[PDB]
Trainee: 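Pasting a structure below so you can have a look.
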Amino acid sequence: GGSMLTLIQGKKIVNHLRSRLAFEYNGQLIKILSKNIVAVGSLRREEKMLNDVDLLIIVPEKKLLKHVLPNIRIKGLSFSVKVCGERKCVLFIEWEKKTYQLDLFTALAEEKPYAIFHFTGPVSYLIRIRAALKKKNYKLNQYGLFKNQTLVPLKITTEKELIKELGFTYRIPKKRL
Amino acid sequence: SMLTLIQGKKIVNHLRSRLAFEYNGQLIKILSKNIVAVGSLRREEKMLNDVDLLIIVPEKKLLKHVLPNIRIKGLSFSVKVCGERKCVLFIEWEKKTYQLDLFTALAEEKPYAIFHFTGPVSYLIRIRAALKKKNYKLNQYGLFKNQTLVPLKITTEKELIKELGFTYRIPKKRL
DNA sequence: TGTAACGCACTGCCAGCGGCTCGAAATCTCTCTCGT
DNA sequence: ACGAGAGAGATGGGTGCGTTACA
Ligand SMILES: [Pb+2]
């Protein structure tokens, strides 16, 4: 399944999910705040046609990771799980008698700029940036910036601040290539 | 069982020199200056329900041995529960069963510990809720702000309370 | 460029010392009740 | 307000490869 989408339909879906996300933690069903849900992937890059829908869920405490995605719940929508772990969670939802693919990702609070930057993409862009930092003996991934296997502590909070710090010119998501 | 404050102080006075614990073969005595009486007794309450003492343990490694291997000279006591921090005993005093609670704290936790175990509950609740509104957390181990232990330049319970921004009151006047 | 989830082979190491299984033994989290 | 002890409940080899998949 997982047919194509229009950017408009994708944006419709994101807004539909903004309030209908929760997860089974012990006894309770804990709501996921809209302020901890970020739309990434092709949708954030304002692409005309989407192949899937990508959301990034900001998990506050590190211990919560093993429960959030494995026990993810959406109010009033039929979704089948293809695969699922603590970091990735590919679902198969039904939207107005259409089968679309939904991807869920997780990131802690301190890794959020690296995550947004990673999951915004596209791949070709990331390859450009990462190979550049690789040549200066660094490694960049969705968790943080590393140098000689050491996490480099950057005094940043936003994706924009991260990009400035890596020595690159900020480009809007739709213009990154 | 029940007690009077005078009976309670007498029992405390008896134990100040008769406290020890089995540490890997060696029986180490507990110093009287490291033994603090807390609870309803320190608040000079008329009638007691139990006796509460606080044992000041010097090294962090020692905590796991003191209470679980507690020793009192020449008295028959059955243990209800016990850990490294809590130790509810049931002693025999003149063929009578009274309840004894033992608590432990390290040297740097001593003012925070005394303050916690002095109580009463209602008093602790006012103080803690007040500091919580200012983005702090206070417990029997220390003062915290944003999950970071706030180092206070204090040494005594009074010094702690003044530093926390509260008017000092003797234990029987705390509510 | 960099990482995830997953089924699997090959052990390695124990509950089982032979079997790769079900679930033992021991260790975790959660919860309930307690303390001031 | 905040934390400890005990007993209930749940886990269920460790590694590392190859494949498929995510940006
Ligand atoms: Pb085995």
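Just so it is clear: chains get the letters A, B, ... in the order the sequence lines come, proteins before strands, and each one is counted from 1. The analysis underlying the following values was restricted to heavy atoms, covering all of them including side chains, and did not include hydrogens, waters or symmetry mates.
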Trainee: With distance as the sole test, does B:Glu163 use its side chain to make a donor-acceptor pair with the main-chain N or O of B:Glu159 at under 3.5 Å?
Mentor: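 Checked: no pair found.
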
Trainee: Mind checking if C:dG16 and C:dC17 stack, meaning centres of the six-membered rings less than 5.5 Å apart and planes less than 30° off?
Mentor: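 When the rule is applied to C:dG16 and its neighbour C:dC17, the answer comes out as no.
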
Trainee: Using a 3.5 Å cut-off and no angle test, enumerate the donor-acceptor pairs between side-chain atoms of residues 17-37 of chain B and protein atoms at least two apart in sequence or in another chain.
Mentor:
{"residue": "B:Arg18", "atom": "NE", "partner": "B:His14", "partner atom": "NE2", "Å": "3.2"}
{"residue": "B:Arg18", "atom": "NH1", "partner": "B:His14", "partner atom": "O", "Å": "2.7"}
{"residue": "B:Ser32", "atom": "OG", "partner": "B:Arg16", "partner atom": "NH1", "Å": "3.4"}

Trainee: Across the strands shown, which category fits A:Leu140 at heavy-atom distances under 4.0 angstrom: base, sugar-phosphate, nothing?
Mentor: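 The residue A:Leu140 makes sugar-phosphate contact but no base contact.
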
Trainee: I need the full list of side-chain hydrogen bond (donor to acceptor under 3.5 Å, both in side chains) pairs touching residues 113-133 of chain A, with sequence neighbours left out, sorted by first then second residue.
Mentor: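 Checked against side-chain hydrogen bond (donor to acceptor under 3.5 Å, both in side chains) - neighbours excluded - the pairs reaching residues 113-133 of chain A are A:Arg44-A:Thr120, A:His118-A:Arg130.
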
Trainee: I'd like the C1' distance from C:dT27 over to D:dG13, given in whole Å.
Mentor: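 About 15 Å, rounded to a whole number of Å.
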
Trainee: Considering only heavy atoms, which members of residues 151-161 of chain A lie under 4.0 Å from some atom of DNA chain C?
Mentor: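 Nucleic-acid contacts, sorted: none.
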
Trainee: Can you tell me if A:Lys88 uses its side chain to pair, donor with acceptor, with the backbone of A:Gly85 under 3.5 Å?
Mentor: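 Not at all, since once roles are kept as given, no pair shorter than 3.5 Å links the two residues.
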
Trainee: Nearest whole Å is fine: how far is D:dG3 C1' from B:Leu54 CG?
Mentor: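 My rounded result for the distance is 15 Å.
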
Trainee: Tell me the interatomic distance from A:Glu111, atom CD, to C:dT3, atom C1', rounded to whole angstroms.
Mentor: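 Distance check: A:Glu111 CD to C:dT3 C1' gives 12 Å.
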
Trainee: Verify whether one side chain among B:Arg169 and B:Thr167 offers a donor that lies under 3.5 Å from an acceptor in the other.
Mentor: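 Present: a donor and an acceptor within the cut-off.
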
Trainee: Just to confirm, do C:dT31 and C:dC30, adjacent in the strand, meet the stacking rule in which the six-membered ring centres are under 5.5 angstrom apart and the planes are under 30°?
Mentor: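 Stacking holds for this pair.
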
Trainee: Using the six-membered ring of A:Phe146, assess whether NZ or CZ of A:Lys139 lies under 6.0 Å from its centre and within 45 degrees of the ring axis.
Mentor: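 Yes, A:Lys139 lies over the aromatic ring of A:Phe146.
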
Trainee: NA contact type, B:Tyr141, heavy-atom cut-off 4.0 Å: base, sugar-phosphate, or nothing?
Mentor: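 The answer is sugar-phosphate, as B:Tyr141 gets under 4.0 Å only of primed atoms, P, OP1 or OP2.
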
Trainee: Atom CD1 in A:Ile72, atom CZ in A:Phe79: separation rounded to 0.5 Å?
Mentor: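 Reported to 0.5 Å precision, the distance equals 7.0 Å.
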
Trainee: Students often get this wrong, so: under 4.0 angstrom with heavy atoms, is A:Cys89 touching a base, only sugar-phosphate, or nothing?
Mentor: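 Nothing: the residue A:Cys89, judged by heavy atoms under 4.0 Å, touches no strand.
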
Trainee: Salt bridge (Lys or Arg N to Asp or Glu O under 4.0 Å) between A:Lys11 and A:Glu46: does it pass, once the steps are laid out?
Mentor: CA-CA 10 Å; A:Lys11 291 181 179 181; A:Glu46 315 278 18; 3.1 Å; yes

Trainee: Quick one: A:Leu104 CG to D:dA23 P, roughly how many Å, whole number?
Mentor: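 So the two atoms are 12 Å apart, to the nearest Å.
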
Trainee: Report yes or no: do C:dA15 and C:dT21 constitute a Watson-Crick or wobble pair with both atom distances shorter than 3.5 Å?
Mentor: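 No, C:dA15 does not pair with C:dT21.
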
Trainee: Verify the distance criterion only: is there a donor paired with an acceptor across the side chains of B:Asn135 and B:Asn146 at less than 3.5 Å?
Mentor: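 Short answer, yes.
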
Trainee: Polar atoms only, N or O, under 3.5 Å: list the protein pairs with nucleotides 13-16 of chain D and their distances.
Mentor:
none

Trainee: Going 5' to 3' through nucleotides 30-36 of chain C, assign each nucleotide B (protein heavy atom under 4.0 Å from a base atom), S (under 4.0 Å only from sugar-phosphate atoms) or - (no protein heavy atom that close).
Mentor: SS--SSB

Trainee: Please report, rounded to the nearest Å, how far the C1' atom of D:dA21 is from the CG atom of A:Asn51.
Mentor: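 Nearest whole value for this atom pair: 12 Å.
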
Trainee: Can you name the one residue among B:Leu53, B:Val88, B:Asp50 that meets side-chain contact (heavy atoms from CB on, under 4.5 Å) with B:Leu100?
Mentor: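 The residue from B:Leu53, B:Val88, B:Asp50 that satisfies side-chain contact (heavy atoms from CB on, under 4.5 Å) with B:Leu100 turns out to be B:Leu53.
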
Trainee: Looking at residues 166-175 of chain B, who's got a heavy atom less than 4.0 Å off DNA chain D?
Mentor: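 Contacts with DNA chain D under 4.0 Å: none.
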
